[PDB]
Amino acid sequence: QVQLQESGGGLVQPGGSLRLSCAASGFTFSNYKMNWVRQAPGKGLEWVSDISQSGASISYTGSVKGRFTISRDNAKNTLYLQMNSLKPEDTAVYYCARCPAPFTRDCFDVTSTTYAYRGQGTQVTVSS
Amino acid sequence: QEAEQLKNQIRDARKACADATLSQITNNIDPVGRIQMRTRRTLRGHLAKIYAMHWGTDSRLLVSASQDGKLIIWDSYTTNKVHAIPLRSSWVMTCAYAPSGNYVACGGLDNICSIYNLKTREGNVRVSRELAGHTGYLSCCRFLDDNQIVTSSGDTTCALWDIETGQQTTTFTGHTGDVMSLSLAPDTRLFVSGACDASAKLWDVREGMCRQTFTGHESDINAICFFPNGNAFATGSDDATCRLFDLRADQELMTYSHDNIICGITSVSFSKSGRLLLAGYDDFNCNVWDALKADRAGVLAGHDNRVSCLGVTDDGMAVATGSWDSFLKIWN
Amino acid sequence: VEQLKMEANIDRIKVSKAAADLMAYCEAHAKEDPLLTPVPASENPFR
Amino acid sequence: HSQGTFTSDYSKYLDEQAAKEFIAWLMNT
Amino acid sequence: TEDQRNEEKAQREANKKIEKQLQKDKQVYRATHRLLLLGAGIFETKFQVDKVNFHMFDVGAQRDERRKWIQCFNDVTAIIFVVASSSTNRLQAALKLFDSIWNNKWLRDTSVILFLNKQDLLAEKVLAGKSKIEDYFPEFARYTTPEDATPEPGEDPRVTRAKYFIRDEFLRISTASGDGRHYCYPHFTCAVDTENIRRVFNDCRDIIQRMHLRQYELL
Amino acid sequence: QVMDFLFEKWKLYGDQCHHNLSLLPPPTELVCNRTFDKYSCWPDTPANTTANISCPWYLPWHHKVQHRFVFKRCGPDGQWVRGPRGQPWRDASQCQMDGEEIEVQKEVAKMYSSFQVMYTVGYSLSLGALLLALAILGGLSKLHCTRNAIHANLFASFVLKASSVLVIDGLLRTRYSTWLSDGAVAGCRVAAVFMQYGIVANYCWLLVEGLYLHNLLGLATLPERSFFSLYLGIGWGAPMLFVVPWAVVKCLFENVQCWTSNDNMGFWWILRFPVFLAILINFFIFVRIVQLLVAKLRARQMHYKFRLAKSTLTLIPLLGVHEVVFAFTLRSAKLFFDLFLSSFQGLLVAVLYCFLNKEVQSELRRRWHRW
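Protein chains in written order, with our numbering: chain V, 2 to 129; chain S, 125 to 456; chain U, 0 to 46; chain W, 82 to 110; chain B, 155 to 373; chain A, 1283 to 1653.
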């Protein structure tokens, strides 16, 4: 069973920081890319970041580059995205999203439909 | 969701019956040896890549589909094209031969299953009916008889039809993601279905609801096939492994996985007795897996492109492995 | 959600006798598989 | 096209090379 | 044997007629050009430029996740890719989709043509501030015109900085992983089916010519 | 040529030695005897008188000077000076080949044999790979492609050129190792037209490969009709349009003991005109591909340009031209650099377009993983 339990989230004042922990259980975690996909309220799903198997080609979407760091641990099967210097536009639900297939460099996980290997999603919010 | 007490109950139900597994019992079972199979025939003549094939019940005529828009019905004994049907849509993705032998169905990316009538009094072949109602691409259709065909589309739905009216008699829904393959049971009252959610759902034909859902894979499932006894079924995926599931136990039994295979299974089918498990991989090979000890004991490496479909005759006398090089070999 | 209820009420079988079921069927039909045991070329039409 | 020029010259060289061979029979015996 | 001979001959008489039809169909299947037209997130359109048959198969009746039915399009000569350069943030989705097509296992021998559509609406997009190009791509704010390549006349130096930034954003994806016969052909269009079929035919010629030079190992 | 002139003239001008028997008296009566030594035609002379014997013009070594003077002395009963020669030999040896021309004798025979061992080891090394080139390319599953079929028969059109030459080297020496036997004269002429077939069957088949590649890139898609009956007809038929009119002019007008020697240049340009046209057309095709490959390399790539535009322009002219050594009586070193290239041209086509291409390197590794 491919399930992606996610933690972290909650209410965080703007300009602060937050940490997410994608606890992946059900597959060999050191064989797949791992992405973070967020969903702004009333908007479609947007790809945020991605990481390789051990981590060699880490990329970000341009709106959050330099502020978010994605790290993985292939011995604990856990994926971490560290949020720093938050903006009110980062208020979204964040989905951990494995890629379709193993030992590959091409993923199709931005789909609005029920992607099968995407987590339940945790919610981050900003305050006044 | 209050499903946690239902999440754990099946998990301990699988654990309470997971005693003295298949690997522990067949330690005493003798092996089968390396099985030398050579290409007896080579049914060349397709233009584009062969994407699917299906054997006849007479074990002589096999139909094959390809992206050029043709549907050849070869004779396996004499290497002769009995019919060559010009398809409407070029991007077909499956084909099935009726167990009576009268009809052949072929439908792909055009969301439409086309039933062809090869028993036409007039020699010219023609469309018998033209099924419609699915929205996604059609992945695998198989024939129950000359009146009922059950297909699998890419809109998370399987549909059971009646051909004489052209209506969805029963629509099987409950999958997530694209359904990829289909395989009927020998009693033809049940059928399993593998989709792109690492779960192979077992369906009932006359009900429309998932009987059991088996999930032990971890990637997209690309092909499925029943056991001859009907109490089990193998399952190939993009995980580069095969898993022999079980209906009465509702868990996986074996895991046909070597260390060197970094390539997803695209086709899988048992033998006549189910001792072998021929599986078609993406490294241009067809690794024969001994389906009781899970040790690979044969390689059919004739092709130079990836094998798309892999059919086994009803009497177990031959094996045809189509591939993406427009060549369809007949092994033995 | 109805599919998850109807897979819990159906009984489950121990995999000890379920593996011996597939072990008995593969040996009761063993000699009638002309791919496991190779057939002579006379009664093989693909020659 | 120097291949055909060679074996036309190699044969014509070997032709007259037999002429000293042949005149050896006339002058000696 | 002789009673088995006439039925074998009638099977041979149908085989020779079927082999006759396939030779008439091979020389029209190998003479037509298959395409594929998909956007950033009718099924068959046939046109012809200079007596060459084009088969622009347009998907769009299918679903959104495309990891399974795009494997059918590996024998296609060119995958036409049209983007919406005006955008919410459709541009990043079009960029990550191009990364998945270029680095696919089976699509790494199929070239991709680019058609950067929504061109004139990007000119007002960089002034209004609804979906600003700096809001999603802040590296554009330090990015200038790359070379002295001549833009279209009657334009502003701001808008030609914008659309040429979208060009090498995709060329960063293609030139990073070159293993196969794929070649990225970018173009600047405004509306389809008006003078663009000449741009498809001139670029589909270069995929066929580079296919034969690869066969003789000249390239 | 010279043997054809000398053998007839030895009977024709040597008939004057039989004419000497008519006018001369019987020379036994204290005179010098007339013997049939086929070179000396000394008439009757008084006793103990060294008669100056004039040199005949029947020897072909007397073109610059057809006269000499040497005294022929004999004894009491026609006793000329004879040692190891059983016939009575006169004293005349100044009418032989010249000492200034003696450097051409017994000194250039190794110079030809320096070149003779050069191309025959190159032709045998060519067919040593070309016969394996049919076992690799043609003998395996890559045989139905139209591009493979031109490369397959071009290998056979080099085996037809290579095996015909090495036969005609060995056949020409073995008749040169009572006139010669007529069983080898007819065999030499049917091996010379067989060799002259394979020369024209080589160069005109390179016109097929040049016209196939220029048509393959001039179109806008894959070709509908394979044109294979046209290329087999223009390729093997066009030498038979030329080597058969060459042979029937050779057989009646200028028939000699072997058809390798080319005396008249009238019916030699009718065997060069298919060879000269299949290079001039295959050079205009060659400058078009260089004009094309310079366009596909100065655009749309991350170029390394000056390497790959010359690492494939080296791979072309073994299917194209060797015209650069035509514009550069032949110098011994020159043809040494030309017959090295002309013999080894059949080997290099087997190296590049049958081994070093990765279409078979991925295929031969797959076939060796099983075997």
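Note that the Cβ used here is the ideal one computed from N, Cα and C, for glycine as well.
Cβ-based neighbour list, residue i, same chain, cut-off 8 Å, excluding 5 preceding and 5 following
i                     : result
A:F1622               : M1400, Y1401 and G1404
A:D1286               : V1538 and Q1539
A:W1528               : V1475, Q1478, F1549, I1552 and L1553
A:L1442               : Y1479, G1480, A1483 and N1484
residue 99 of chain S : Given a span of 125 to 456 for chain S in the structure shown, any question on residue 99 of chain S remains unanswerable.
Residue(s) in a DSSP beta bridge with residue i
i      : result
S:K453 : S:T166 and S:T445
S:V392 : S:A403
S:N411 : S:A403 and S:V423
S:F350 : S:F357
V:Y61  : V:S50
S:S190 : S:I174
V:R119 : V:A98
B:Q202 : B:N207
S:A319 : S:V303
S:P210 : S:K194
B:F269 : B:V236
Where residue i falls, given that 16 or more other Cβ within 10 Å makes a residue buried
i       : result
B:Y318  : buried
A:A1417 : exposed
S:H299  : buried
A:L1305 : exposed
S:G426  : buried
V:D110  : buried
U:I9    : exposed
A:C1533 : exposed
A:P1366 : exposed
V:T62   : buried
S:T281  : buried
Which of helix, strand or coil DSSP assigns to residue i
i       : result
A:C1314 : coil
A:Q1298 : helix
A:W1343 : coil
V:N78   : coil
A:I1516 : helix
B:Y183  : helix
S:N204  : strand
B:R353  : helix
B:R262  : coil
A:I1335 : strand
S:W327  : strand
Cut-off 7 Å between Cβ atoms - residues of its own chain near residue i, not counting five sequence neighbours on either side
i       : result
S:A142  : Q375
A:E1491 : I1432, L1436 and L1601
S:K417  : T150, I153 and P155
A:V1572 : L1595
S:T181  : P223, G225 and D438
B:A215  : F197
S:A208  : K194 and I196
S:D428  : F408 and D449
Any non-hydrogen atom of the ligand COA closer than 7 Å to residue i Cβ
i       : result
A:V1482 : No copy of the ligand COA occurs in the structure displayed, which carries no ligand at all.
Contact set for residue i: own chain, Cβ-Cβ below 6 Å, skip 5 residues either direction
i     : result
V:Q14 : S128
Within 9 Å of chain U by C-beta, residues of the region 336-356 of chain S in sequence order: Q336, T337, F351, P352, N353, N355 and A356
Within 7 Å of chain B by C-beta, residues of the region 1566-1600 of chain A in sequence order: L1575, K1578, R1582, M1584, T1594 and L1597
Contact set between the region 1529-1540 of chain A and chain W, restricted to residues whose Cβ is under 7 Å from the partner: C1540
Positions along the region 86-117 of chain V whose CB lies within less than 7 Å of some CB in chain S: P101, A102, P103, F104, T115 and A117
Members of the region 400-428 of chain S near chain A, C-beta cut-off 9 Å: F408, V423, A425 and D428
Residues of the region 1427-1443 of chain A with Cβ closer than 7 Å to any Cβ of chain B, in chain order: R1429
Cβ-based contacts, 7 Å cut-off: residues of the region 134-147 of chain S near chain U: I134, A137, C141, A142, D143, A144, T145 and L146
Chain-ordered residues of the region 1378-1397 of chain A with a beta carbon less than 9 Å from chain W: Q1378, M1379, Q1387, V1390, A1391, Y1394 and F1397
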